[PDB]
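J.: Pasting coords00.txt here (compact mmCIF, N, CA and C atoms):
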```
# COMPACT_ATOMS: atom_id res chain seq x y z
N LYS A 303 11.35 36.72 24.17
CA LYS A 303 9.93 37.01 24.04
C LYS A 303 9.62 37.43 22.61
N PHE A 304 10.14 36.67 21.64
CA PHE A 304 9.97 36.99 20.23
C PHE A 304 9.22 35.93 19.44
N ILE A 305 9.08 34.71 19.96
CA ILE A 305 8.46 33.61 19.24
C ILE A 305 6.97 33.88 19.05
N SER A 306 6.52 33.88 17.80
CA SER A 306 5.13 34.18 17.47
C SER A 306 4.29 32.93 17.68
N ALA A 307 3.60 32.86 18.82
CA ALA A 307 2.68 31.76 19.11
C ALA A 307 1.33 32.00 18.43
N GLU A 308 1.35 31.86 17.11
CA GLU A 308 0.18 32.19 16.30
C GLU A 308 -0.85 31.07 16.34
N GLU A 309 -2.09 31.42 16.00
CA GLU A 309 -3.15 30.45 15.79
C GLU A 309 -3.72 30.51 14.38
N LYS A 310 -3.77 31.69 13.78
CA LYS A 310 -4.26 31.88 12.42
C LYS A 310 -3.30 32.79 11.67
N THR A 311 -3.16 32.56 10.37
CA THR A 311 -2.30 33.39 9.53
C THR A 311 -2.97 33.85 8.24
N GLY A 312 -4.06 33.21 7.84
CA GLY A 312 -4.81 33.61 6.67
C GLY A 312 -4.35 33.05 5.35
N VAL A 313 -3.50 32.03 5.35
CA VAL A 313 -3.04 31.38 4.13
C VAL A 313 -3.48 29.92 4.17
N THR A 314 -4.23 29.50 3.17
CA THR A 314 -4.80 28.16 3.11
C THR A 314 -4.04 27.29 2.12
N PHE A 315 -4.48 26.03 2.02
CA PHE A 315 -3.84 25.09 1.11
C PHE A 315 -4.12 25.42 -0.35
N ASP A 316 -5.23 26.11 -0.62
CA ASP A 316 -5.61 26.41 -2.00
C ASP A 316 -4.69 27.45 -2.64
N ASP A 317 -3.97 28.23 -1.84
CA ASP A 317 -3.08 29.25 -2.38
C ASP A 317 -1.77 28.67 -2.90
N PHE A 318 -1.43 27.44 -2.51
CA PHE A 318 -0.20 26.78 -2.95
C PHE A 318 -0.59 25.50 -3.69
N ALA A 319 -0.31 25.46 -4.99
CA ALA A 319 -0.61 24.32 -5.83
C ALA A 319 0.66 23.85 -6.54
N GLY A 320 0.49 22.88 -7.43
CA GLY A 320 1.57 22.34 -8.22
C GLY A 320 2.34 21.21 -7.57
N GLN A 321 2.09 20.95 -6.29
CA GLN A 321 2.75 19.89 -5.54
C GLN A 321 1.72 19.10 -4.74
N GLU A 322 0.66 18.66 -5.43
CA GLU A 322 -0.48 18.02 -4.76
C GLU A 322 -0.09 16.76 -4.00
N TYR A 323 0.97 16.08 -4.43
CA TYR A 323 1.50 14.96 -3.66
C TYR A 323 2.01 15.43 -2.30
N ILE A 324 2.73 16.56 -2.29
CA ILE A 324 3.23 17.11 -1.03
C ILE A 324 2.08 17.60 -0.16
N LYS A 325 1.06 18.19 -0.79
CA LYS A 325 -0.12 18.62 -0.04
C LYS A 325 -0.83 17.43 0.60
N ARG A 326 -0.96 16.32 -0.15
CA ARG A 326 -1.59 15.13 0.40
C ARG A 326 -0.77 14.53 1.54
N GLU A 327 0.56 14.50 1.38
CA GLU A 327 1.41 13.95 2.44
C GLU A 327 1.35 14.80 3.70
N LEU A 328 1.37 16.12 3.55
CA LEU A 328 1.27 17.01 4.70
C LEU A 328 -0.11 16.94 5.34
N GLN A 329 -1.16 16.75 4.52
CA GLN A 329 -2.50 16.51 5.04
C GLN A 329 -2.54 15.25 5.89
N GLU A 330 -1.90 14.18 5.41
CA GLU A 330 -1.84 12.94 6.18
C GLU A 330 -1.10 13.15 7.50
N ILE A 331 0.00 13.92 7.46
CA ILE A 331 0.78 14.15 8.67
C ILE A 331 -0.04 14.93 9.70
N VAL A 332 -0.68 16.02 9.27
CA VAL A 332 -1.44 16.83 10.22
C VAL A 332 -2.68 16.09 10.69
N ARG A 333 -3.28 15.26 9.83
CA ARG A 333 -4.43 14.47 10.23
C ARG A 333 -4.05 13.39 11.24
N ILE A 334 -2.87 12.79 11.08
CA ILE A 334 -2.36 11.86 12.07
C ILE A 334 -2.14 12.57 13.40
N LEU A 335 -1.58 13.79 13.36
CA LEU A 335 -1.35 14.53 14.60
C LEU A 335 -2.66 14.90 15.31
N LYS A 336 -3.65 15.38 14.56
CA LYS A 336 -4.90 15.83 15.18
C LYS A 336 -5.76 14.66 15.62
N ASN A 337 -5.77 13.58 14.84
CA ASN A 337 -6.59 12.40 15.10
C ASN A 337 -5.78 11.25 15.68
N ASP A 338 -4.89 11.55 16.64
CA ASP A 338 -3.83 10.63 17.05
C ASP A 338 -4.37 9.30 17.57
N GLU A 339 -5.40 9.33 18.42
CA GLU A 339 -5.83 8.10 19.09
C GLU A 339 -6.46 7.12 18.10
N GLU A 340 -7.15 7.62 17.08
CA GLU A 340 -7.80 6.74 16.11
C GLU A 340 -6.79 5.92 15.32
N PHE A 341 -5.65 6.51 14.98
CA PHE A 341 -4.62 5.81 14.23
C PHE A 341 -3.63 5.07 15.12
N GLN A 342 -3.41 5.54 16.35
CA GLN A 342 -2.64 4.78 17.32
C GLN A 342 -3.38 3.53 17.78
N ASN A 343 -4.70 3.48 17.58
CA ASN A 343 -5.41 2.21 17.71
C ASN A 343 -4.85 1.17 16.75
N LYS A 344 -4.42 1.60 15.56
CA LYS A 344 -3.76 0.73 14.60
C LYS A 344 -2.25 0.72 14.75
N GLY A 345 -1.71 1.45 15.73
CA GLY A 345 -0.28 1.53 15.93
C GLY A 345 0.44 2.56 15.09
N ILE A 346 -0.28 3.44 14.41
CA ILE A 346 0.32 4.45 13.54
C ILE A 346 0.91 5.58 14.38
N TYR A 347 2.15 5.95 14.09
CA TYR A 347 2.82 7.04 14.78
C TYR A 347 3.30 8.06 13.76
N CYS A 348 3.20 9.34 14.12
CA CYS A 348 3.60 10.42 13.23
C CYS A 348 5.11 10.62 13.27
N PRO A 349 5.70 11.11 12.18
CA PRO A 349 7.07 11.60 12.25
C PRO A 349 7.15 12.86 13.10
N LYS A 350 8.25 12.96 13.85
CA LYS A 350 8.46 14.07 14.76
C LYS A 350 9.04 15.30 14.07
N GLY A 351 10.03 15.11 13.21
CA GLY A 351 10.62 16.21 12.47
C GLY A 351 10.47 16.07 10.97
N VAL A 352 9.88 17.08 10.33
CA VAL A 352 9.66 17.08 8.89
C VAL A 352 10.54 18.18 8.31
N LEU A 353 11.46 17.80 7.43
CA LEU A 353 12.37 18.77 6.84
C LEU A 353 12.04 18.98 5.37
N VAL B 673 13.38 -11.06 8.56
CA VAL B 673 12.04 -11.62 8.70
C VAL B 673 11.61 -11.61 10.16
N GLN B 674 12.52 -11.98 11.07
CA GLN B 674 12.18 -11.97 12.49
C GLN B 674 11.91 -10.56 13.00
N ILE B 675 12.70 -9.58 12.54
CA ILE B 675 12.48 -8.19 12.95
C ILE B 675 11.16 -7.67 12.39
N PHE B 676 10.83 -8.05 11.15
CA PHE B 676 9.53 -7.69 10.58
C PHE B 676 8.38 -8.30 11.37
N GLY B 677 8.55 -9.53 11.85
CA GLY B 677 7.53 -10.12 12.71
C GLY B 677 7.42 -9.44 14.06
N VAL B 678 8.56 -9.06 14.64
CA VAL B 678 8.62 -8.45 15.96
C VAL B 678 7.98 -7.07 15.96
N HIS B 679 8.36 -6.23 14.99
CA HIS B 679 7.89 -4.85 14.98
C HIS B 679 6.48 -4.71 14.41
N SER B 680 5.91 -5.77 13.85
CA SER B 680 4.55 -5.74 13.31
C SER B 680 3.64 -6.74 14.01
N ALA B 681 3.99 -7.12 15.25
CA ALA B 681 3.16 -8.05 16.00
C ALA B 681 1.86 -7.40 16.45
N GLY B 682 1.93 -6.14 16.88
CA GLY B 682 0.77 -5.43 17.37
C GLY B 682 -0.02 -4.71 16.29
N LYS B 683 -0.08 -5.30 15.10
CA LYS B 683 -0.84 -4.75 13.99
C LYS B 683 -1.65 -5.85 13.33
N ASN B 684 -2.73 -5.45 12.67
CA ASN B 684 -3.69 -6.38 12.06
C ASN B 684 -3.20 -6.73 10.66
N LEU B 685 -2.49 -7.84 10.56
CA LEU B 685 -2.00 -8.31 9.27
C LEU B 685 -3.03 -9.20 8.59
N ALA B 686 -2.95 -9.24 7.26
CA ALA B 686 -3.84 -10.07 6.46
C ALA B 686 -3.31 -11.50 6.40
N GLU B 687 -3.87 -12.31 5.51
CA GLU B 687 -3.41 -13.69 5.35
C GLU B 687 -2.41 -13.84 4.21
N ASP B 688 -2.45 -12.93 3.23
CA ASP B 688 -1.53 -13.02 2.10
C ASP B 688 -0.20 -12.31 2.34
N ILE B 689 -0.02 -11.67 3.50
CA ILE B 689 1.23 -10.99 3.77
C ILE B 689 2.31 -12.02 4.09
N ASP B 690 3.43 -11.93 3.39
CA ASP B 690 4.58 -12.80 3.64
C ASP B 690 5.83 -12.05 3.22
N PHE B 691 6.73 -11.82 4.18
CA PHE B 691 7.92 -11.03 3.93
C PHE B 691 9.06 -11.85 3.34
N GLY B 692 8.86 -13.15 3.14
CA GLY B 692 9.89 -14.00 2.59
C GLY B 692 10.08 -13.83 1.09
N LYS B 693 9.07 -13.27 0.42
CA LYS B 693 9.16 -12.97 -1.00
C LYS B 693 9.54 -11.53 -1.28
N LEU B 694 9.86 -10.75 -0.25
CA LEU B 694 10.37 -9.39 -0.42
C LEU B 694 11.69 -9.17 0.31
N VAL B 695 12.40 -10.25 0.67
CA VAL B 695 13.69 -10.09 1.32
C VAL B 695 14.72 -9.51 0.37
N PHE B 696 14.61 -9.81 -0.93
CA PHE B 696 15.54 -9.27 -1.91
C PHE B 696 15.33 -7.78 -2.15
N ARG B 697 14.17 -7.24 -1.79
CA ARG B 697 13.91 -5.81 -1.94
C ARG B 697 14.33 -4.99 -0.73
N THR B 698 14.76 -5.64 0.36
CA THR B 698 15.12 -4.92 1.57
C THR B 698 16.57 -5.20 1.97
N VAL B 699 17.48 -5.20 1.01
CA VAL B 699 18.89 -5.40 1.29
C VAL B 699 19.47 -4.12 1.87
N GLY B 700 20.18 -4.24 2.98
CA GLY B 700 20.78 -3.10 3.64
C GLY B 700 19.87 -2.35 4.59
N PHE B 701 18.64 -2.82 4.79
CA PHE B 701 17.70 -2.17 5.70
C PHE B 701 18.05 -2.51 7.14
N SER B 702 17.95 -1.51 8.01
CA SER B 702 18.17 -1.70 9.44
C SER B 702 16.82 -1.92 10.11
N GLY B 703 16.82 -2.11 11.43
CA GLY B 703 15.59 -2.31 12.17
C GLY B 703 14.69 -1.09 12.15
N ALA B 704 15.31 0.09 12.23
CA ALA B 704 14.56 1.34 12.11
C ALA B 704 13.92 1.46 10.73
N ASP B 705 14.64 1.05 9.69
CA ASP B 705 14.09 1.07 8.34
C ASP B 705 12.92 0.10 8.18
N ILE B 706 13.00 -1.09 8.78
CA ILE B 706 11.88 -2.03 8.70
C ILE B 706 10.69 -1.51 9.48
N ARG B 707 10.93 -0.89 10.64
CA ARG B 707 9.85 -0.28 11.41
C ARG B 707 9.18 0.83 10.62
N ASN B 708 9.99 1.66 9.95
CA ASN B 708 9.45 2.71 9.10
C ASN B 708 8.67 2.13 7.93
N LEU B 709 9.13 1.00 7.39
CA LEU B 709 8.41 0.34 6.29
C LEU B 709 7.05 -0.16 6.75
N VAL B 710 6.99 -0.76 7.94
CA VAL B 710 5.71 -1.24 8.47
C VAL B 710 4.77 -0.07 8.73
N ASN B 711 5.29 1.02 9.31
CA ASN B 711 4.46 2.20 9.55
C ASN B 711 3.99 2.82 8.24
N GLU B 712 4.86 2.83 7.23
CA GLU B 712 4.52 3.31 5.89
C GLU B 712 3.38 2.49 5.29
N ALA B 713 3.48 1.16 5.40
CA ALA B 713 2.43 0.29 4.89
C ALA B 713 1.12 0.51 5.64
N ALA B 714 1.19 0.74 6.95
CA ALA B 714 -0.02 1.04 7.72
C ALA B 714 -0.64 2.36 7.28
N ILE B 715 0.19 3.37 6.99
CA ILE B 715 -0.34 4.69 6.64
C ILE B 715 -1.01 4.65 5.27
N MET B 716 -0.38 3.99 4.29
CA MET B 716 -1.04 3.83 3.00
C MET B 716 -2.12 2.76 3.02
N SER B 717 -2.20 1.97 4.09
CA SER B 717 -3.36 1.11 4.27
C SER B 717 -4.57 1.92 4.73
N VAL B 718 -4.36 2.83 5.67
CA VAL B 718 -5.48 3.60 6.20
C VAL B 718 -5.84 4.75 5.26
N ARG B 719 -4.90 5.15 4.40
CA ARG B 719 -5.17 6.20 3.43
C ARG B 719 -6.15 5.74 2.36
N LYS B 720 -6.03 4.50 1.91
CA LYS B 720 -6.93 3.94 0.91
C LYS B 720 -8.19 3.34 1.50
N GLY B 721 -8.40 3.49 2.81
CA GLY B 721 -9.61 3.02 3.46
C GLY B 721 -9.58 1.55 3.81
N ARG B 722 -8.42 0.93 3.63
CA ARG B 722 -8.28 -0.50 3.85
C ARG B 722 -8.24 -0.84 5.34
N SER B 723 -8.87 -1.95 5.68
CA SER B 723 -8.91 -2.39 7.07
C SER B 723 -7.62 -3.09 7.47
N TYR B 724 -7.06 -3.90 6.57
CA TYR B 724 -5.85 -4.66 6.82
C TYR B 724 -4.73 -4.18 5.91
N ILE B 725 -3.58 -4.86 5.99
CA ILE B 725 -2.40 -4.52 5.21
C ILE B 725 -1.95 -5.78 4.48
N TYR B 726 -2.29 -5.89 3.20
CA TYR B 726 -1.79 -7.02 2.41
C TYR B 726 -0.34 -6.79 1.98
N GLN B 727 0.14 -7.73 1.15
CA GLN B 727 1.47 -7.63 0.56
C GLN B 727 1.57 -6.46 -0.40
N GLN B 728 0.47 -6.17 -1.12
CA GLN B 728 0.48 -5.09 -2.10
C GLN B 728 0.72 -3.72 -1.47
N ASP B 729 0.34 -3.53 -0.20
CA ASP B 729 0.66 -2.28 0.48
C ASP B 729 2.17 -2.11 0.64
N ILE B 730 2.86 -3.18 1.04
CA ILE B 730 4.31 -3.13 1.18
C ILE B 730 4.97 -2.94 -0.18
N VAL B 731 4.44 -3.62 -1.21
CA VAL B 731 4.98 -3.48 -2.56
C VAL B 731 4.83 -2.05 -3.05
N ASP B 732 3.66 -1.45 -2.82
CA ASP B 732 3.41 -0.08 -3.23
C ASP B 732 4.29 0.90 -2.46
N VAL B 733 4.51 0.65 -1.16
CA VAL B 733 5.37 1.52 -0.36
C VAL B 733 6.80 1.49 -0.89
N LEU B 734 7.32 0.28 -1.14
CA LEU B 734 8.68 0.15 -1.66
C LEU B 734 8.80 0.78 -3.04
N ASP B 735 7.78 0.58 -3.89
CA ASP B 735 7.82 1.12 -5.25
C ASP B 735 7.74 2.64 -5.24
N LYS B 736 6.92 3.21 -4.36
CA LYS B 736 6.81 4.67 -4.29
C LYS B 736 8.08 5.28 -3.71
N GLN B 737 8.71 4.62 -2.74
CA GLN B 737 10.00 5.08 -2.26
C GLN B 737 11.06 5.03 -3.36
N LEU B 738 11.05 3.97 -4.16
CA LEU B 738 12.00 3.86 -5.26
C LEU B 738 11.75 4.93 -6.32
N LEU B 739 10.48 5.23 -6.60
CA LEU B 739 10.14 6.30 -7.54
C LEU B 739 10.58 7.65 -7.01
N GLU B 740 10.37 7.90 -5.71
CA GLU B 740 10.79 9.15 -5.09
C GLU B 740 12.31 9.28 -5.04
N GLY B 741 13.03 8.15 -5.01
CA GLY B 741 14.48 8.17 -4.92
C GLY B 741 15.19 8.90 -6.04
N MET B 742 14.62 8.90 -7.25
CA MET B 742 15.18 9.67 -8.35
C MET B 742 14.47 11.01 -8.55
N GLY B 743 13.58 11.38 -7.63
CA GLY B 743 12.94 12.68 -7.66
C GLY B 743 11.74 12.76 -8.59
N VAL B 744 10.81 11.81 -8.46
CA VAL B 744 9.57 11.81 -9.24
C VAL B 744 8.43 11.76 -8.23
N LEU B 745 7.76 12.89 -8.04
CA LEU B 745 6.59 12.99 -7.17
C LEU B 745 5.38 13.31 -8.06
N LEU B 746 4.67 12.27 -8.45
CA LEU B 746 3.51 12.40 -9.32
C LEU B 746 2.38 11.52 -8.79
N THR B 747 1.17 12.07 -8.76
CA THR B 747 -0.01 11.29 -8.43
C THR B 747 -0.43 10.50 -9.68
N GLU B 748 -1.51 9.73 -9.56
CA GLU B 748 -1.92 8.85 -10.64
C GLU B 748 -2.39 9.62 -11.88
N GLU B 749 -3.18 10.68 -11.69
CA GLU B 749 -3.78 11.38 -12.81
C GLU B 749 -2.73 12.07 -13.67
N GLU B 750 -1.78 12.73 -13.03
CA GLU B 750 -0.75 13.42 -13.79
C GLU B 750 0.18 12.43 -14.48
N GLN B 751 0.47 11.31 -13.83
CA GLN B 751 1.25 10.25 -14.46
C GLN B 751 0.54 9.70 -15.70
N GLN B 752 -0.78 9.47 -15.60
CA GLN B 752 -1.53 8.99 -16.75
C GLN B 752 -1.54 10.00 -17.89
N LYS B 753 -1.73 11.30 -17.61
CA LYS B 753 -1.81 12.24 -18.73
C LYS B 753 -0.44 12.40 -19.38
N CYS B 754 0.63 12.39 -18.56
CA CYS B 754 1.98 12.48 -19.10
C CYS B 754 2.38 11.23 -19.88
N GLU B 755 1.85 10.06 -19.50
CA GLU B 755 2.02 8.88 -20.34
C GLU B 755 1.27 9.02 -21.66
N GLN B 756 0.06 9.59 -21.62
CA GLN B 756 -0.70 9.81 -22.84
C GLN B 756 -0.11 10.90 -23.72
N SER B 757 0.69 11.80 -23.15
CA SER B 757 1.27 12.90 -23.92
C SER B 757 2.32 12.38 -24.89
N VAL B 758 3.10 11.38 -24.48
CA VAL B 758 4.14 10.84 -25.34
C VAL B 758 3.50 10.08 -26.50
N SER B 759 4.15 10.12 -27.66
CA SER B 759 3.62 9.48 -28.86
C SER B 759 3.80 7.96 -28.75
N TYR B 760 3.49 7.26 -29.84
CA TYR B 760 3.43 5.80 -29.84
C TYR B 760 4.73 5.15 -30.30
N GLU B 761 5.36 5.67 -31.35
CA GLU B 761 6.57 5.06 -31.90
C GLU B 761 7.77 5.27 -30.98
N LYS B 762 7.89 6.47 -30.43
CA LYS B 762 8.97 6.77 -29.50
C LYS B 762 8.79 6.11 -28.14
N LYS B 763 7.57 5.67 -27.82
CA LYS B 763 7.35 4.70 -26.75
C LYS B 763 7.60 3.27 -27.20
N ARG B 764 7.44 2.98 -28.49
CA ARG B 764 7.64 1.64 -29.03
C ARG B 764 9.13 1.28 -28.98
N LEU B 765 9.99 2.28 -29.22
CA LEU B 765 11.44 2.09 -29.08
C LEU B 765 11.84 1.80 -27.64
N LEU B 766 11.28 2.53 -26.67
CA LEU B 766 11.59 2.22 -25.28
C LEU B 766 11.03 0.86 -24.88
N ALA B 767 9.91 0.46 -25.48
CA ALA B 767 9.37 -0.87 -25.24
C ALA B 767 10.32 -1.97 -25.72
N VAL B 768 10.88 -1.84 -26.94
CA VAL B 768 11.81 -2.88 -27.38
C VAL B 768 13.08 -2.86 -26.52
```
Show how you would write the structure in this file as structure tokens.

T.:
Amino acid sequence: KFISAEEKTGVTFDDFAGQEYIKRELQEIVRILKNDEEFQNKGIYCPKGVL
Amino acid sequence: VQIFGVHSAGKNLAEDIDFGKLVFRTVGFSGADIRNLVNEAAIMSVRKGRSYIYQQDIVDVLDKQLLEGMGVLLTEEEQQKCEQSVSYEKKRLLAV
């Protein structure tokens, strides 16, 4: 009973810069996850594990 | 080529797409790698607002993977300014 099932943490994308390519790639990943049906209409599938 | 056709059958391909002129760029690729390549081309197709996936999407995907392979993660603007930062003669030597 230790896993923090959080919803908000208070840290946004603007606080971390210098890797805007990584920010764009992570934005694409989370946008694919949230907007799944629109891109699965085109057959797009998200990666399951991001390291 | 057959695996590229099989794994990209359920996608909206353009008319200029032909994988026969990129077989030399995919030496050693497995079926999972070709599937990942097709998904990569689809993702950078929808990222640029494109409706279809031409050959240039696959070329850009392969080129960006090759650029990332030596550890270069740069967007267009920073690449342009860093190209402009270098002088002319010391670029002229690399040109020759």

J.: Set the cut-off to 7 Å and count only N, CA and C atoms: what are the residues of chain B that reach chain A? Output as a ChimeraX atom specification.

T.: /B:682-684,711,714-715,745-747

J.: Measure the distance from atom N of residue B:678 to atom CA of residue A:351 in Å and round it to one decimal.

T.: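 These two atoms are separated by 25.4 Å.
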
J.: I'd like to know which of B:702, B:708, B:717, B:727 is closest to residue B:688, using only C-alpha atoms.

T.: B:727

J.: Using all atoms listed in the file, pick whichever of B:686, B:744, B:730, B:739 has the shortest atom-to-atom distance to residue B:710.

T.: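 Using all atoms listed in the file, the shortest distance to residue B:710 belongs to B:730.
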
J.: Find the distance between atom N of residue B:751 and atom N of residue B:726 and write it in Å to one decimal.

T.: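 These atoms are spaced 24.4 Å apart.
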
J.: So how many Å separate atom N of residue A:335 and atom C of residue B:707, to one decimal?

T.: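 Distance between the two atoms: 17.1 Å.
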
J.: Tell me, as a ChimeraX atom specification, which residues lie within 8 Å of residue B:676, counting only N, CA and C atoms; anything in the same chain fewer than 2 positions away does not count.

T.: /B:673-674,678-681,691,703,706-707,710

J.: Using only C-alpha atoms for the distances, tell me which of B:752, B:766, B:713, B:675 is nearest to residue B:731.

T.: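 Looking only at the distances to residue B:731, the closest residue turns out to be B:713.
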
J.: From a DSSP pass on the backbone, collect the residues of chain B flagged as helix (DSSP H, G or I) and hand them back as number ranges by chain.

T.: B: 674-679, 691-693, 695-697, 703-719, 727-741, 748-757, 761-767

J.: Applying 12 Å and only C-alpha atoms, which residues near residue B:735 remain after dropping the ones on its own chain fewer than 3 positions away? List them as a ChimeraX atom specification.

T.: /B:694,697-698,709,712-713,728-732,738-742,744

J.: Could you work out an axis-aligned bounding box for all listed atoms of stretch 316-332 of chain A, with 3 Å added on each of the six sides, and give its centre and edge lengths in Å to one decimal, as AutoDock Vina command-line options?

T.:
```
--center_x -1.2 --center_y 21.1 --center_z 1.2 --size_x 14.8 --size_y 22.3 --size_z 24.9
```

J.: Taking only C-alpha atoms into account, name the residue in B:723, B:736, B:767, B:701 that is nearest to residue B:748.

T.: B:736

J.: Neighbouring residues of residue A:316 were defined as those with any atom within 10 Å, considering only C-alpha atoms; residues of the same chain fewer than 3 positions away were excluded. Please report them as a count of residues only.

T.: 3
